[PDB]
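**Student:** Pasting the sequence and an experimental structure:
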Amino acid sequence: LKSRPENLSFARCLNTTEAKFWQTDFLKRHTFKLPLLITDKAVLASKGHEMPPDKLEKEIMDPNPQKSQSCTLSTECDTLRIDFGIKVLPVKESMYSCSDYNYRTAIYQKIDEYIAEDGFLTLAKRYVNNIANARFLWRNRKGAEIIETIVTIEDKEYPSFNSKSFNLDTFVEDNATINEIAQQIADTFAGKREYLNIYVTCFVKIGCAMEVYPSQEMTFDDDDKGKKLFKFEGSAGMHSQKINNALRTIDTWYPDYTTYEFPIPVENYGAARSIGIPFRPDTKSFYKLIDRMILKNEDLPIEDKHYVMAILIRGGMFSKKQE
Amino acid sequence: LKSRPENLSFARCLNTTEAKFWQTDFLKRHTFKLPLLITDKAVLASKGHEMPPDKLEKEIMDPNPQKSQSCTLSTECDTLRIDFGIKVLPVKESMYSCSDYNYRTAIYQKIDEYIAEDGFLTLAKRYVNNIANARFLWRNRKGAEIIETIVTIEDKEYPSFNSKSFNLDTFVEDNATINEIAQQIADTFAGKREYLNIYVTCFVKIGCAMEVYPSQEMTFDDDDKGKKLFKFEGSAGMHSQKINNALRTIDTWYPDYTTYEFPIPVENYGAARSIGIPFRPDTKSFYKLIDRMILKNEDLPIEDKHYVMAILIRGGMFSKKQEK
Amino acid sequence: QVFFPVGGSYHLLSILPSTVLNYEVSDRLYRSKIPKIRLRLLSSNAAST
Amino acid sequence: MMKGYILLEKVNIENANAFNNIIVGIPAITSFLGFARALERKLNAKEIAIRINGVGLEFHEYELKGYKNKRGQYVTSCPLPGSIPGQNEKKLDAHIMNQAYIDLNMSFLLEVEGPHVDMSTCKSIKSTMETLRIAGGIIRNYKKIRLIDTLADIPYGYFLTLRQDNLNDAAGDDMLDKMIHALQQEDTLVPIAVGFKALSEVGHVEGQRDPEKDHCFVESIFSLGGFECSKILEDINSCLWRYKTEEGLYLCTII
RNA sequence: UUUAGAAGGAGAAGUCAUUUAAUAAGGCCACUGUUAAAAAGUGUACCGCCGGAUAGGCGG
């Protein structure tokens, strides 16, 4: 093994589907639900942007028509309900394309070493922690009275959570339901199982006629000008990759971690848009780390193995420029 | 006889149509179906690709707007349904061009010797085995709960299969339905019949609101490099050449098979687009094997005859090296 | 190469394209309002060869 | 020696060759005439002893293999190329040539000449029809084969008829300018290849498909055409394409 | 005897933070819906027996 394969690629081992939005009442949340539609809106603002003084002297007092969309609850429902699901696939049976066979054998050997060493328990525990504390609500988490989350596997309905008590900076390892679910997730990841299906339903209490924040569509120059919200089967919803970004916010092993002291989403270069600082520029980058794991066959600390396996769960285009 | 004719050209003996995608519920899979539609999608990612250090240190933290398409189930269905059909044509009548006459006579005589010897049963069994284990699902096979495959020939409905139990590496030669279908396939390849029509319907249970993976088209455009999915009359589907590639993955007779131990599709040089190295570079290629079969008239082991017949079934342009 | 029926017999026909007519059609449709199709799929190296 | 009409109804063809020198879309009429002649040869090899006079094409559905742009134009697709014979056989990725593919749902009207034309001919044509390709496209299915005489028992559809008069009386110095001006003023006509030129001297050549026939080079020639409904048709003989050979000409005409 | 014959495009992803559409008002006039018919086509078929055959036969 002298270099990376020219067509190395990976799939994703955590398939997340689109979420759907429903509204109901907290005292009857197990009995009925109602659809939540997206409404159009048009506003008349003022020219409040920063302008050069010459234009500012001539159009400071001009109106400005704008278009937008908004999604709000009704006057008789105060609880927002979010339903989605996750499919878990084995890590070893997810390598999509690779040219060299020896590289595939080496990758399989290293994955087997990590399975025999750790057993995929830490990453599974962190993923179910990110599920538990309801990080996927994003802007809907602020100003909520009661947030509850339940997880259903096949027909076994686990007892409800309380994501308000879970801190967003530390990961617990002693919750009974969290460890029980993480056991199945780790078994599926290692290869003892072949597939896992998990369904998540979340109830958020915010008050009557409040505002919800679904995902916003991305528009280019040719498209119409204005804010567009994401519609899923008529009702509002969230993107799959928006939810997946919240689940994989488990990276606490980057350099200069003690200075900042918060997890970041697992990226290739460790970039975090929340604070706008790269965290794995050269030395702890995934490209440099996996070049020492395979080509040099040099053993790494367990933190680097954790980060590498977390990246390989996500997958991507790890190709080479035709050496 | 000295060499191959200047214009030799066969056809494809296993024609396949374009598949179509439908969604339904597993308990009511024999009653109703619903159309499956492809939606557009826009994403905002980061610059995760490898970059030179100057370009990396400049564009480390830039946003990245990208366009794509996606296909997925609804919230009330948990079963994907694929319907398609295959047409089987005789091998002897599948030759479309042969400039030489003695070469055509020798080809006919060798094909007659092969059918009198074996009778195309092995390749028929391997093709119906590749049908039975649902290799054509590709990325849709992973993460499946129940995979059921049925086969209809003309007006007779054969018993349903179960692709989960079948292995993707070995081959089964004792299933009654497999032998029954392969008998008709070998008869149609033989020339006793004139055509054969097979209708294939596959149900796969993946769960509610999951993701399906139709074929991705090849297009070239200005200021548009996004992912484009194959729409067939509005619904999603798969290309015919995608299904045909999975069916003919029967070649287990290449050199060093005992090392790798997986079947490959049948090409002229044994090259598959997943290893990047041809498995039959010079000494087991189809060209020299058919040269020694015909020109030298030297007998070959049954594995080489199987490989040559598999190449002839696929078809191509097996003419001599052209001169200016 | 194709076969064309000529009386009671057949003729072998070898088809060759038209480069100059293709270029003329390209420019004339470039300065027009007919629907047209661009059909951009040829690599630079293939066009050179 | 009775002459009637045979209708092949609602034949679905996929991946038919949709490319020409400067035409993308409807395949050349020579492909359909060659399909008819191949069907005639396959039938006459079965001791039926009948011949085909004219071919009429009725378009119902079509689809171009590709997608429509945001502005409105079409962008076509292509299959991943396999192993091109010649040089670079062992190369994993091969070159890409200009190509286009189409999907059609088309009906064929055939005029035949021969003894005792009856339902046995229909059974024979049903048995022998599912063995050929239409313009390189595989036949997926078909509705039925019918024996008809008049225009009343004709399904709804649009026939392709040769209209060279509009091309002739157009305004323009040369033929291409006349064609583009006729297509500018009229938005219903479409350009179709109709035949072949000669630009060569006949004889024997080395490397042909069959080294016994008379060989001559050609070039596809293009004319205009149009569509009209079934009920607007006056006589059943007006929409009947047929061969026409001349000194250096190998064309097909509606006359 | 068909511009004939041949074909895996594929993996990865956070769109988004803000906002005052707003003031006035005359729909108006006139007008012929009327001439003829059968709910009627039996308008419903019930108490019983031999039948131990859910067979099939008969009394008012």
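**Tutor:** Everything's here; your move. Residues are numbered from 1 along each chain as shown, chains lettered A, B, ... in the order given.
**Student:** From now on I want contacts and neighbour counts done on CA atoms only, so please keep to that.
**Tutor:** Fine.
**Student:** where along the chain do the strands fall?
**Tutor:** You didn't pick a chain, so chain A it is. With DSSP state E as the criterion, chain A has strands at A:9-10, A:14-16, A:20-24, A:34-35, A:39-46, A:63-70, A:79-88, A:95-97, A:147-153, A:156-157, A:196-205, A:231-232, A:235-236.
**Student:** Can you look at chain D instead?
**Tutor:** Shown for chain D, the strands assigned by DSSP E span residues D:5-17, D:51-64, D:66-68, D:74-76, D:101-113, D:133-134, D:137-141, D:144-148, D:158-162, D:190-196, D:214-218, D:220-229, D:242-246, D:249-253.
**Student:** closest one to RNA strand E among those?
**Tutor:** In terms of CA to the nearest atom of the strand, the element of the strands of chain D nearest to RNA strand E is strand D:133-134, at 4.0 Å.
**Student:** The closest one and RNA strand E, are they touching?
**Tutor:** Yes - using CA under 7 Å from any atom of the strand, we find that strand D:133-134 touches RNA strand E at D:133-134.
**Student:** What are the buried residues along the biggest strand by length in chain C?
**Tutor:** The strand that spans the most residues within chain C, counting by DSSP E, is strand C:9-15. Using 16 or more other CA atoms under 10 Å in any protein chain shown as the test for burial, strand C:9-15 gives C:11-14.
**Student:** and stretch A:39-49 with RNA strand E, contact?
**Tutor:** Yes - using CA under 7 Å from any atom of the strand, stretch A:39-49 reaches RNA strand E at A:42-46.
**Student:** Residue A:220: which of those is nearest?
**Tutor:** Distance to residue A:220, by CA to CA, is smallest for residue A:42 among the residues of stretch A:39-49 next to RNA strand E, at 20.5 Å.
**Student:** What's the local residue count around the closest one?
**Tutor:** Residue crowding around residue A:42 was assessed by other CA atoms under 10 Å in any protein chain shown; the count is 11.
**Student:** if we can go back for a sec, so what does the longest strand of chain C touch, helix or strand wise?
**Tutor:** Under the contact criterion of 3 or more CA pairs under 8 Å, 6 or more residues apart in numbering or on different chains; DSSP states H and E, strand C:9-15 touches strand C:2-6, strand D:214-218.
**Student:** Let's have the ones you listed in a markdown table, adding distance to residue D:117 and mean neighbour count.
**Tutor:** A markdown table is the format used below for the helices and strands packed on strand C:9-15 (distance: least, CA to CA, whole Å; neighbours: other CA atoms under 10 Å in any protein chain shown):
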| stretch | distance to residue D:117 | mean neighbour count |
| --- | --- | --- |
| strand C:2-6 | 24 | 16 |
| strand D:214-218 | 34 | 20 |
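**Student:** Could you export those strands as JSON lines, including distance to RNA strand E?
**Tutor:** Below are these laid out as JSON lines (distance: least, CA to the nearest atom of the strand, whole Å):
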{"stretch": "strand C:2-6", "distance to RNA strand E": "4"}
{"stretch": "strand D:214-218", "distance to RNA strand E": "9"}
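**Student:** out of those strands, nearest to residue A:151?
**Tutor:** Per CA to CA, nearest to residue A:151 of the helices and strands packed on strand C:9-15: strand C:2-6, 66.7 Å.
**Student:** if we can go back for a sec, could you redo the strands of chain A as JSON lines and give each row distance to chain B?
**Tutor:** Converted to JSON lines, the strands of chain A look like this (distance: least, CA to the nearest CA, whole Å):
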{"stretch": "strand A:9-10", "distance to chain B": "11"}
{"stretch": "strand A:14-16", "distance to chain B": "8"}
{"stretch": "strand A:20-24", "distance to chain B": "9"}
{"stretch": "strand A:34-35", "distance to chain B": "14"}
{"stretch": "strand A:39-46", "distance to chain B": "21"}
{"stretch": "strand A:63-70", "distance to chain B": "18"}
{"stretch": "strand A:79-88", "distance to chain B": "8"}
{"stretch": "strand A:95-97", "distance to chain B": "6"}
{"stretch": "strand A:147-153", "distance to chain B": "12"}
{"stretch": "strand A:156-157", "distance to chain B": "16"}
{"stretch": "strand A:196-205", "distance to chain B": "8"}
{"stretch": "strand A:231-232", "distance to chain B": "10"}
{"stretch": "strand A:235-236", "distance to chain B": "12"}
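**Student:** In JSON lines: the ones you listed, plus distance to residue A:295.
**Tutor:** Output for the strands of chain A, formatted as JSON lines (distance: least, CA to CA, whole Å):
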{"stretch": "strand A:9-10", "distance to residue A:295": "17"}
{"stretch": "strand A:14-16", "distance to residue A:295": "28"}
{"stretch": "strand A:20-24", "distance to residue A:295": "45"}
{"stretch": "strand A:34-35", "distance to residue A:295": "54"}
{"stretch": "strand A:39-46", "distance to residue A:295": "55"}
{"stretch": "strand A:63-70", "distance to residue A:295": "52"}
{"stretch": "strand A:79-88", "distance to residue A:295": "29"}
{"stretch": "strand A:95-97", "distance to residue A:295": "18"}
{"stretch": "strand A:147-153", "distance to residue A:295": "40"}
{"stretch": "strand A:156-157", "distance to residue A:295": "45"}
{"stretch": "strand A:196-205", "distance to residue A:295": "33"}
{"stretch": "strand A:231-232", "distance to residue A:295": "45"}
{"stretch": "strand A:235-236", "distance to residue A:295": "48"}
